[PDB]
Amino acid sequence: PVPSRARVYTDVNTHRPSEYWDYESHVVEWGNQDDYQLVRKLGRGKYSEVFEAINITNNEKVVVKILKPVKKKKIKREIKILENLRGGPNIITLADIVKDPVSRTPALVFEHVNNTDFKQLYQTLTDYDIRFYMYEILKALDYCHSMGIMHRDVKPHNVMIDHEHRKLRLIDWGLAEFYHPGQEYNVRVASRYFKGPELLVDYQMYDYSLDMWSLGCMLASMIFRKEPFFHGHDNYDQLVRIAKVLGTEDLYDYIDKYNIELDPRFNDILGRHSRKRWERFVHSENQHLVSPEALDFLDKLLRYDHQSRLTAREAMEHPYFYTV
Ligand SMILES: Cc1ccccc1-c1ccc(CN)cc1Cl
Ligand SMILES: Cc1ccccc1-c1ccc(CN)cc1Cl
């Protein structure tokens with residue numbers, strides 16, 4: 001395959017000391033698990049169990065993410081990234097790291113966010129609200145990309161919103177990675193509906209632009225009231241669902257540009273599809289959230305060619321946000 005590199009923040013990690021990005025050498029230091037009393041179960045993650053807790057030293061509510069330690073290196077990576085990004089705009093704050101003495105189980109302690117229901121948000125958000133929150137996510141992405149980090153798991157479940165306080169936090173940094181130009185990354189990242197075409201065609205030299213694809217998927221779902229927007233039933237079918245909207249000609253152009261070899265499993269499912277018009281998704285139930293600026297913005301995120309997508313900084317300058 002033809003090599004590629006990010007159009008922005010390309011060399012941020014190259015020009016930083018090894019300590020910043022070498023998470024395997026990061027020294028983790030435990031806090032006191034006895035400072036925290038678990039209150040109730042919140043949600044159960046693929047790699048974790050989440051609880052609401054009280055920090056008994058200051059009477060503050062926190063969230064405790066108990067991690068089943070399947071892989072030690074992965075935990076160190078999440079911790080290092082959270083420490084690096086701590087205090088960034090709209091980045092979840094890691095408050096502490098604790099261990100359960102008897103079971104030797106690690107847990108991450110975060111600032112508590114009173115999360116508005118996804119279904120509730122879908123029903124009541126206004127056109128202005130969608131622009132406001134999309135801009136808040138962009139602040140988080142432009143910051144983490146500027147810090148040489150790709151989130152790689154951008155999706156609604158990883159975006160906590162306290163609608164009452166208009167507060168947004170990008171969470172679950174468990175799949176996040178440091179961007180090093182020329183590096184070949186594992187394509188088995190992100191959640192199916194949000195996986196960029198680069199991951200689906202097994203193009204390993206991807207970058208921050210993967211997060212911009214995921215963000216486009218979110219925007220498309222909310223403005224069109226179609227969740228998820230690209231409803232794949234498996235990783236191969238996910239590429240067909242995208243191909244049904246963006247057409248198959250630009251898919252081959254993208255494959256040819258980077259000399260990508262398509263897996264044989266695509267041969268009998270991919271087919272031939274025309275490029276569709278974003279206006280075809282407009283209906284009576286979603287027209288109050290769609291505008292020419294929204295469609296132009298979406299068209300600039302949802303592109304096969306990862307290099308052609310708006311960067312988070314370019315996205316922040318789009319007319320869709322002139323009202324925020
Ligand atoms: C249950 C657990 C799992 C992983 C890390 C820490 C803990 C833990 C153990 C004891 C206490 C004290 N009430 C608190 C926690 Cl979070
Ligand atoms: C998908 C989307 C797009 C634009 C604005 C808000 C949202 C949104 C909806 C629900 C949730 C669930 N915690 C998160 C977000 Cl960012």
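Counting begins at 1 with the first residue of the sequence. Note that these values count all heavy atoms, side chains included, but never hydrogens, waters or copies made by symmetry.
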Participant: Does a sphere of radius 6.0 Å around NZ in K72 hold more than 12 heavy atoms from other residues, nucleotides or ligands, not counting ones at 6.0 Å or beyond?
Facilitator: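 Counting other residues, nucleotides and ligands, NZ of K72 stays at 12 neighbours or fewer.
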Participant: Which residues pass the ring pair (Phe, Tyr, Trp, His ring centres under 6.0 Å) test with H306, sequence neighbours left out?
Facilitator: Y203, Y254, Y258
Participant: For atom CG of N59, decide whether the heavy atoms of other residues, nucleotides or ligands shown that lie under 6.0 angstrom number more than 12.
Facilitator: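 No, CG of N59 has 12 or fewer neighbouring heavy atoms, counting only those of other groups under 6.0 Å.
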Participant: Does any pair with a residue in residues 255-265 pass salt bridge (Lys or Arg N to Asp or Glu O under 4.0 Å), and if so which ones, sequence neighbours excluded?
Facilitator: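 Listed once each, the pairs are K257-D305.
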Participant: I'd like to know if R309 and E198 make a salt bridge, using a cut-off of under 4.0 Å between side-chain N and carboxylate O.
Facilitator: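 Judged by the 4.0 Å cut-off on N to carboxylate O distance, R309 and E198 do form a salt bridge.
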Participant: Could you give the side-chain donor-acceptor pairs of residues 113-120 under 3.5 Å, partners two or more places apart or in another chain?
Facilitator:
from	atom 1	to	atom 2	distance (Å)
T116	OG1	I161	O	3.1
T116	OG1	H163	N	3.0
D117	OD2	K119	N	3.4

Participant: Side chains of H157 and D172: donor-acceptor distance under 3.5 Å anywhere?
Facilitator: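 No, because no side-chain N or O of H157 sits under 3.5 Å from a partner of the opposite role on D172.
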Participant: So, does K76 use its side chain to make a donor-acceptor pair with the main chain of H26 at under 3.5 Å?
Facilitator: yes
Participant: According to side chain to side chain contact (heavy atoms under 4.5 Å, CB included), who are the partners of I56, at least two apart in sequence or on a separate chain?
Facilitator: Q37, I54
Participant: With sequence neighbours excluded, give me every salt bridge (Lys or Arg N to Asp or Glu O under 4.0 Å) pair touching residues 176-194.
Facilitator: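 As it turns out, the salt bridge (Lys or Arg N to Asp or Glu O under 4.0 Å) pairs with a partner in residues 176-194, which skip direct neighbours, are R77-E177.
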Participant: Taking the six-membered ring for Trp, are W278 and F229 parallel (under 30°), tilted (30 to 60°) or perpendicular (over 60°)?
Facilitator: tilted
Participant: Do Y9 and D207 have side-chain atoms, one donor and one acceptor, less than 3.5 Å apart?
Facilitator: no
Participant: With sequence neighbours excluded, what pairs up with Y47 under the ring pair (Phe, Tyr, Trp, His ring centres under 6.0 Å) test?
Facilitator: none
Participant: Applying salt bridge (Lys or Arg N to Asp or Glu O under 4.0 Å), which residue pairs with at least one partner in residues 4-13 are found, sequence neighbours left out?
Facilitator: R7-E314
Participant: Under the ring pair (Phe, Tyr, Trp, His ring centres under 6.0 Å) rule, collect the residues that match up with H233, sequence neighbours excluded.
Facilitator: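 Ring pair (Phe, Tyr, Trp, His ring centres under 6.0 Å) list for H233, sorted by chain: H231.
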Participant: Name the one of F224, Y193, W213 that satisfies ring-ring contact (aromatic ring centres under 6.0 Å, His included) with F230?
Facilitator: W213
Participant: If you measure only the distance, is there a donor-acceptor pair under 3.5 Å linking the side chains of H145 and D211?
Facilitator: yes
Participant: I'd like to know whether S221 forms a side-chain hydrogen bond (donor to acceptor under 3.5 Å, both in side chains) with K226, so could you lay out the CA-CA distance, the side-chain angles of the two residues, the decisive distance to 0.1 Å, and finally the verdict.
Facilitator: CA-CA 5 Å; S221 67; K226 182 190 192 292; over 6 Å; no
Participant: Do side-chain atoms of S214 reach the backbone of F194 as a donor and acceptor pair under 3.5 angstrom?
Facilitator: yes
Participant: Give a yes or no on whether the backbone of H273 and the side-chain of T248 come within a donor-acceptor separation of less than 3.5 Å.
Facilitator: yes
Participant: Just jot down the salt bridge (charged side-chain N to carboxylate O under 4.0 Å, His left out) partners of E293, sequence neighbours excluded, or say none.
Facilitator: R131
Participant: My understanding is that only one of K71, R152, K65 makes a salt bridge (charged side-chain N to carboxylate O under 4.0 Å, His left out) with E78; could you say which?
Facilitator: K65
Participant: To the nearest 0.5 angstrom, please state how far the CG atom of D35 sits from the CG atom of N58.
Facilitator: 8.5 Å
Participant: Answer with yes or no after comparing the ring centroid distance for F110 and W173 against a 6.0 Å cut-off, counting only values under it.
Facilitator: no
Participant: Could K73 and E24 be called an ion pair, given the rule that one side-chain N must be under 4.0 Å from one carboxylate O?
Facilitator: yes
Participant: Can you sort out the partners of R104 under side-chain hydrogen bond (donor to acceptor under 3.5 Å, both in side chains), two or more places apart, ordered by chain and number?
Facilitator: none
Participant: Test of understanding: with ring pair (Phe, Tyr, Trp, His ring centres under 6.0 Å), list the residues that count as partners of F178, not counting sequence neighbours.
Facilitator: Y20
Participant: If you count heavy atoms of other groups shown closer than 6.0 angstrom to CD of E249, is the number above 12?
Facilitator: no
Participant: Please determine if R225 forms a cation-pi arrangement with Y122, meaning its NZ or CZ atom is less than 6.0 Å from the six-membered ring centre and no more than 45° off the ring axis.
Facilitator: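 No, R225 does not sit over the ring of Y122.
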Participant: Examine the side chains of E60 and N55 and answer whether a donor and an acceptor come within less than 3.5 Å of each other.
Facilitator: no
Participant: Could you note down all residue pairs passing salt bridge (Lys or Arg N to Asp or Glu O under 4.0 Å) where residues 269-287 supplies at least one of them, sequence neighbours left out?
Facilitator: none
Participant: For residues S25 and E19, is any side-chain donor paired with an opposing acceptor at under 3.5 Å?
Facilitator: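 Short answer, no.
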